[PDB]
Structure formats: structure tokens, C-alpha cells
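Chains as they are written, first to last, in the deposited numbering: chain F, 1 to 69; chain V, 834 to 882; chain Y, 14 to 58, 78 to 221, 224 to 342; chain G, 1079 to 1127; chain X, 26 to 70; chain C, 442 to 468, 476 to 490.
Since the structure comes first, as C-alpha cells, the remarks are kept for the end.
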Ligand SMILES: [Zn+2]
Ligand SMILES: [Zn+2]
Ligand SMILES: [Zn+2]
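Shown next, in the form of C-alpha cells:
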């Protein structure tokens, strides 16, 4: 639903690169392969972690909160 | 992994691989057995129940 | 007046009476909680049919119908023979009454609890010397009224009269008789609460407002006005229907909804003159008939209510 | 040490199915019996045999 | 009394065993029991 | 004559509800089933 903290296979931290990945795609007009390598993700285990992630939390945040303070 | 079994990485499992949420819902009603007998949602005590 | 035939589980060793007993259902055991001795083992936890022994008592019956292979001749004659049973004739009268009560309650869009209470009221009040010169329509209409009141969804006499054709006098006498019967069997054999009282006007307002299509805010204001309307002696003696209708009308003009009294009285079957006549009484005490919060916020001001 | 053979190695899309063992494992030493036949009841959820 | 929350207007209510199950503000007939205020412990594994 | 009793709305309401709650198309079986919601493709 949200970006995983670590790569499943090797455990490298990838949860601090989602916004950097999106910004590279949007403003720098980079292809996803170049963006993945620019972020330092070399092993294809780490590349698929960020490349295949679906950000569902953005969909869940469209519903109004159940309990507002 | 012989005969259609597989080996999974415990480290990958620890990091969240193929982990899922399970939800179960329980339903209950306050039935009225006619005009006299009726139920209520209560915390029963061992001395009256 | 009969053989005991009662089994009581107690620990022979502990001898403490009454005993602490635990039912290990998962293990199928009844064990003494103090010593652990097992007192009974192999305890038990479509092949049958269900029935309610409160509306039908003890009456087991089976229907006759077609199968995968059947000749119409046998079915017709077997039904013909089964109908001519003298003992089952008595209870069929009650069942027929239940069928018509169900039809009336279903054509009225009433909840299942209402019809169950109505049928139970009929059974308890039926077969008695008091209700023998009264028409069955009065019995059914009175039972439905009782059933609705027991369910906290009470209706009015006119609303029930819309379906069951019984004039007021017979309706009232039957209702008084049945209430006495239920009270009589409540003492010797509960029945009523604050709801059983006739007025209970607050229950009518939500449905009356719905017929007019008002928003829920107006309905709540109408309930508050009707609740406080009982402090005025000049209106407190009026019928609960008028008390609720005039309160609703007062709020209709308070929030400035464009619905005239000509239609409010036409929808709730109340004379327009009565509505306006009562509205005049509910104008000298307006400060006590409007919720303090609503006026405090600014949603409603008392100068929007015309004054004669 | 190197494996004498070389391994076919890469990503593949796998799915977690609905069948989990913790929802199937069940044993019974003794337990409730049916009212009619007085034999063990049916169903893991009811401590059956 | 115990505290509930409306499922549409998110208004916090306080109902007793006698009060009807309904929002006194908007009129919704579904209420959510408020989360318990005692701390709950979770392992980070 | 009371038109409110001549026409029983319960007839239409129950027949459609019963036939849709169960699969029993009458008054054929398995015509209505509880929709799978295990996953979107399901
Ligand atoms: Zn990796
Ligand atoms: Zn003992
Ligand atoms: Zn609300």
C-alpha cells in the first residue's frame, strides 16, 4: 500500500527514495531505468522494489477520516 | 522443494514479503421473541447469568 | 404433583454442595473445578422442523404436496380427506386469523415484530367470554394497534382504520376489553410501559414530517416543540394528533418552508381550521416552544412566525 | 563454494493463495458428539472428528 | 454512558442503554464505537 | 372496496427478493450467487 522500507531480497533501504524517484520521473523527464540507476539501485532485486510498487495509500487517503479530532 | 514444494527466504519474510491482513466480521442481533421475551447486549455476571 | 426425574451433578469426593462445575465443551466433559474429577462424559452439542410455541402452542402438522412423480388424483383426494378433521378445525380458526393479520400487517409495511405481537395479542385475548359479541375486524384492528404500541412504532386510530373497516365505537370498546384481558393475565399469568399511554405524541412526529418531506432538522425542532407543548393547559387537552400537527406546522413556518396549511391538513387528514386555531394558542408561548440552541445560533428567529 | 551447475535465476510474479495451514490443522482426542448418532461431530470449527 | 461516533458526519456522541441508536445531529442510524483509550502493545516484527 | 387491500405490494416485493436472495427462480437453481470479492480479478 505504501513503499516498503527495505528490499525484500537484500534489505537495502528503499523507503527513502520513493519521492526522489517520482520527482526524477516528473520534473527531470527521465526514463524509469535511468532514474533507478541515478538513485543508486543497481541490483535488479532493488530495482523491482521501486519499479513495481503500487501506491495505494494515495487512493485510501481520498476517503474522509472515520474519526476526526 | 521436492514434489511441488518450495523454499522461502526467512529474511524476505521478515521484511514483509507476501505478508497480508486478515479481517473477520461477527454479526449479532437483539431478537424479540414476541411480546414478552427479549434480549439485550450486556456484560453478564456469573451471579445472575 | 409428579415424579421428580431430576439429575443434579455434584462431586462425590469434594462433597461441597452446590459444586463448582466447568463444562469443557471442546473436550466433551463436565469436570469439578476444585478437584478435576470428571462427572459426565460424551456430552452432546435437515432432520427436523422449527416452530414457535408462543403463537401456535403444541400443534404438529404436515402438508401434502406433489413429488418428483405423483398423480393429481391422489393429491386432490388426500387433501379432501385431510380437510375433514374435526380436532384441527378449532385451531384453524386461529391460524386463519393469523393469516389475515399477516396480510393486514404486510399491506401496512410494518416490521415483523409488530405482527408477532399482534398475533400473540390475538391468541391471548381470543377464546374468552368478553369478546364474543364483537366483530373479528375490531379484534384484529385492536390487536394490531396493541402490537404497534408494544414495538415502540405505535400508529394512530385513523391510520389503522384506513385498512381495517371498523368504526370508532367498536374499535375503542374492543381495545379497552383486550387491554383489560392482557392486564388480567399479566397478574394471574410484562404488558405495558410508558408507551402504552395513548398520547405518546412524540412517536407520530417523525412519520408525519416524512409525509411532508421536511428535513431532519425541522423534525427535531417539531419534537422539541411538541414535547414542551404539554406545559400549556389550553392545548394539553387536545388530541395528540393535533398537538403533533400544530407543532410541525409551527416549525414549517419557522424555517420558512413553502408548504401551506391547506396541504398540511390535507396530507395528515386534519382540518385546516383546527391547525390554524391551535397555532394561535401556540403563539403566546413561542419563547418556550423553540429550542434555545437553534435561536442562539441564528438558524431561526421568532420574527419569521406571523402574528395575528 | 561454487555450485558445479549454474542456476536459472530471475524475477517471477507469484501469488499468495487462500489456503493457509493454520486454518486447516486440527486434532481431536475427545469432544462433543451428535445428538442423534452420538458420534463425533463434523467440522474443524466445532472441534469435530 | 459510552461514546460513539457517527459514520457520516463524524460527530462524537454519548449514548446510554435507553437512548436510541441514531445521530442526534444529522440523523444517521450507524454509529462507530470509539477506539479504546488504553495503550496497546505491538511487536515490530 | 379498499384499493389498499385489493393490491398487495408484498407479492412483488417478496417474489423478487426471495428469487434473488436464493437462486430459486420460481414463485432453476443457482441463478444468484454471492459475488466473489477475494480479489479484483475474481
Ligand atoms: Zn535488493
Ligand atoms: Zn471435586
Ligand atoms: Zn451524524
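For each residue, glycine too, the CB sits at the ideal point set by N, CA and C.
Taking 7 angstroms as the limit between beta carbons, can you name the residues of its chain near residue i, skipping five residues before and five after?
i: residue 260 of chain Y; result: 235, 236, 239, 277, 278, 281
i: residue 272 of chain Y; result: 312
i: residue 874 of chain V; result: 863
i: residue 225 of chain Y; result: 214, 215
i: residue 45 of chain F; result: 7, 9, 10
i: residue 253 of chain Y; result: 239, 240, 243
i: residue 55 of chain Y; result: 41
i: residue 171 of chain Y; result: 154, 163, 206
i: residue 269 of chain Y; result: 263, 277, 312, 315, 316
i: residue 179 of chain Y; result: 146, 147, 149, 150, 153
Within the continuous beta strand (DSSP E) that includes residue i, where are the two ends?
i: residue 36 of chain Y; result: 34-37
i: residue 54 of chain Y; result: 51-54
i: residue 279 of chain Y; result: Careful: residue 279 of chain Y lies outside any beta strand (DSSP E), inside the alpha helix (DSSP H) at 274-288.
i: residue 39 of chain X; result: 37-40
i: residue 1095 of chain G; result: Premise fails: residue 1095 of chain G is in no beta strand (DSSP E) and is neither H nor E.
i: residue 58 of chain X; result: 56-58
Starting from residue i, find everything on chain F with Cβ-Cβ shorter than 8 angstroms and list it in chain order.
i: residue 848 of chain V; result: 4, 5, 6, 7, 8, 11
Find the residues of chain X that neighbour residue i, judging by a C-beta separation of less than 9 angstroms, and give them in chain order.
i: residue 66 of chain F; result: 30, 32, 35, 57
Helix, strand or coil, according to DSSP, for residue i in the structure here?
i: residue 1100 of chain G; result: helix
i: residue 239 of chain Y; result: helix
i: residue 188 of chain Y; result: coil
i: residue 30 of chain X; result: strand
i: residue 155 of chain Y; result: helix
i: residue 24 of chain Y; result: coil
i: residue 38 of chain F; result: helix
i: residue 871 of chain V; result: strand
i: residue 181 of chain Y; result: helix
i: residue 57 of chain Y; result: strand
i: residue 252 of chain Y; result: helix
i: residue 45 of chain Y; result: strand
Quick one: give me the first and last residue of the alpha helix (DSSP H) that residue i is part of.
i: residue 846 of chain V; result: 843-848
i: residue 46 of chain F; result: 44-51
i: residue 137 of chain Y; result: 120-139
i: residue 328 of chain Y; result: 326-331
i: residue 263 of chain Y; result: It is not in any alpha helix (DSSP H) - residue 263 of chain Y carries neither H nor E in the DSSP assignment.
i: residue 22 of chain F; result: 18-26
i: residue 215 of chain Y; result: 200-219
i: residue 306 of chain Y; result: 306-315
Whose Cβ in chain Y lies nearer than 8 angstroms to the Cβ of residue i?
i: residue 445 of chain C; result: 139, 194, 195
Give the interface partners of residue i over in chain Y, defined as CB-CB distance under 9 angstroms, in chain order.
i: residue 1116 of chain G; result: 55, 57
i: residue 449 of chain C; result: 135, 138, 139
What does residue i reach in chain V if we use C-beta pairs closer than 8 angstroms?
i: residue 125 of chain Y; result: What residue 125 of chain Y touches in chain V: nothing, since even the nearest Cβ is about 20 angstroms away.
i: residue 61 of chain Y; result: Residue 61 of chain Y cannot be placed in this structure, since chain Y goes from 58 to 78 without the numbers between.
i: residue 157 of chain Y; result: Simply none; closest approach about 12 angstroms.
i: residue 148 of chain Y; result: 865, 867, 868
By Cβ distance below 8 angstroms, which residues in the same chain neighbour residue i in space, the five residues on each side in sequence not counted?
i: residue 305 of chain Y; result: 299
i: residue 52 of chain Y; result: 22, 23, 24, 34, 43, 44, 45
i: residue 31 of chain Y; result: 23
Does the CB of residue i have a neighbour CB from chain A at under 7 angstroms?
i: residue 316 of chain Y; result: Given the protein chain composition of this structure (F, V, Y, G, X and C), no chain A is represented.
I'd like the list of long-range same chain contacts for residue i, defined as Cβ closer than 6 angstroms, with 5 residues on each side in sequence excluded.
i: residue 36 of chain Y; result: 43
i: residue 445 of chain C; result: none
i: residue 207 of chain Y; result: 174
i: residue 138 of chain Y; result: none
i: residue 18 of chain F; result: 3
Below 7 angstroms on C-beta distance, what does residue i contact in chain F?
i: residue 845 of chain V; result: 8, 9
Applying a beta-carbon distance threshold of less than 9 angstroms, which residues of chain G neighbour residue i?
i: residue 79 of chain Y; result: 1114
Can you pull the chain Y residues whose beta carbon is under 7 angstroms from the beta carbon of residue i, in chain order?
i: residue 1125 of chain G; result: 39
i: residue 1109 of chain G; result: 39, 40, 41
Report yes if the C-beta of residue i is less than 6 angstroms from at least one heavy atom of ligand 4; otherwise report no.
i: residue 26 of chain Y; result: In the structure on display, ligand 4 does not appear, and the ligands it does have are ligand 1, ligand 2 and ligand 3.
Give the interface partners of residue i over in chain V, defined as CB-CB distance under 7 angstroms, in chain order.
i: residue 145 of chain Y; result: 865
At a CB-CB cut-off below 9 angstroms, which residues of chain V make contact with residue i?
i: residue 284 of chain Y; result: Ordered by position in chain V, no residue passes the 9 angstroms Cβ test against residue 284 of chain Y, which lies about 36 angstroms from the chain.
i: residue 86 of chain Y; result: 866, 867, 868, 869, 870
The segment 19-47 of chain Y: positions lying closer than 8 angstroms to chain G by Cβ
Going along the segment 19-47 of chain Y in chain order, one finds 38, 39, 40, 41, 42 with a Cβ nearer than 8 angstroms to chain G.
Give, in chain order, every residue of the segment 858-871 of chain V whose Cβ lies closer than 9 angstroms to some Cβ of chain Y.
Correct list: 865, 866, 867, 868, 869, 870.
Could you run through the segment 179-212 of chain Y and flag, in chain order, every residue whose CB is less than 9 angstroms away from some CB of chain V?
Flagged, chain order: 179, 182, 183.
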